[PDB]
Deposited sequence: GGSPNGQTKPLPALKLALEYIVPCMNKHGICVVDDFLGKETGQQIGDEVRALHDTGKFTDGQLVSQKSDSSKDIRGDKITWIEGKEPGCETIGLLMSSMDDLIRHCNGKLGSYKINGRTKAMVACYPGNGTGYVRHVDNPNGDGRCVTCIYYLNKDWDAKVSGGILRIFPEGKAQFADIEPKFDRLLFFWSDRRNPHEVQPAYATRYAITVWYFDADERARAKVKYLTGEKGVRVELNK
C-alpha cells in the first residue's frame, strides 16, 4: 500500500524543517531496492576494474573516484545525482539564508573496513560548501558486528546523532563547524557516494572539491 513521496513534499514537509531545526536529516528508502542495487553494482564495477585512487594521497601534505554522471557505466550514479539535485532545488531559498547555485561532482568511495576516521569538519574555512549529502550502498549492514557508525555532534546542542551507513539511506547535514563528525571503526567493506552543495556568496568570497558544477 506504499507510494514514493513527491520531491516537493519530501523537501518542504520533511527536509527543510529537519535541517533548519537539527542541521541533520536522514531519508531512508530514497531510490528503492532496484535503483540502489544498480548504483551498488556500478560502484563495485568501478572498484573491481581499478578506477579508484588511494584516498590518503588526496588529503595529505580508503579509495575514491570523482564521477560527473555521464561517463560509461555510471548512468544510475547520474540518476542519483539528478534526484539529489531535485530535492535541493525544491528546498533552495529555505535552507537557512543559503542560495545554492551548484555542487561538486560525486565522490565515490570504498572504505575497506579494517579498523579504519577522526572528528573533523568538512568545511572549516569557508570554502563555499554548505550542505553535505551522503548516499550509502551497504546491503544488510549490521552495525553491532561491523561498526562504521557515523557519529555527528551538532555544535551547541545537548544531543548527538548515530547514523548507520545503511543501504539506500540519503543523509544531509550542514558542512560547516555546526557538524563535527567522526566515523567509528568498521570491520567490513563499505561504499558511499558524497556530494557537497555550494552557497553562491560564500563560494564567490572564498582541487576537485572546489569545482562547482550546475545542478
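Residues of the deposited sequence missing from the coordinate set occupy positions 1-6, 68-76, 132, 223-228, 238-239.
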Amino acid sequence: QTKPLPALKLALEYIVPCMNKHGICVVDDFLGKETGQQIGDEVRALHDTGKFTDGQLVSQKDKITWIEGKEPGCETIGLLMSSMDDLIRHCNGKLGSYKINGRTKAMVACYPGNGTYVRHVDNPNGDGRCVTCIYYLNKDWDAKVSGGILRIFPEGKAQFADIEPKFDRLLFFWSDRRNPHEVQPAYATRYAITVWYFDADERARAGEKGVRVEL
From here on, numbers count along this sequence of modelled residues.
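If you superpose the two forms and keep the largest set of C-alpha atoms that fall within 1.5 Å, you have the rigid core.
Here 81-89 and 107-115 are scored by the root mean square distance of their C-alpha atoms in 5 other deposited structures of this protein, with each structure fitted by the rigid core; the higher score goes to 107-115.
With every structure aligned by its rigid core, 45-53 is the stretch of 45-53 and 180-188 whose CA positions lie farther away in 5 other deposited structures of this protein. Higher mean CA temperature factor, per the PDB entry, when comparing 173-181 with 41-49: 41-49. Ranked by Cα temperature factor within the chain, residue 186 sits in the middle third according to the deposited record. In this PDB entry, the Cα temperature factor of residue 110 sits in the middle third of its chain's modelled residues. Sort the modelled residues of the chain by CA B factor and residue 85 lands in the middle third. In the deposited entry, the Cα temperature factor of residue 127 sits in the middle third of values across the chain's modelled residues. Among all modelled residues in its chain, residue 64 ranks in the middle third by Cα B-factor.
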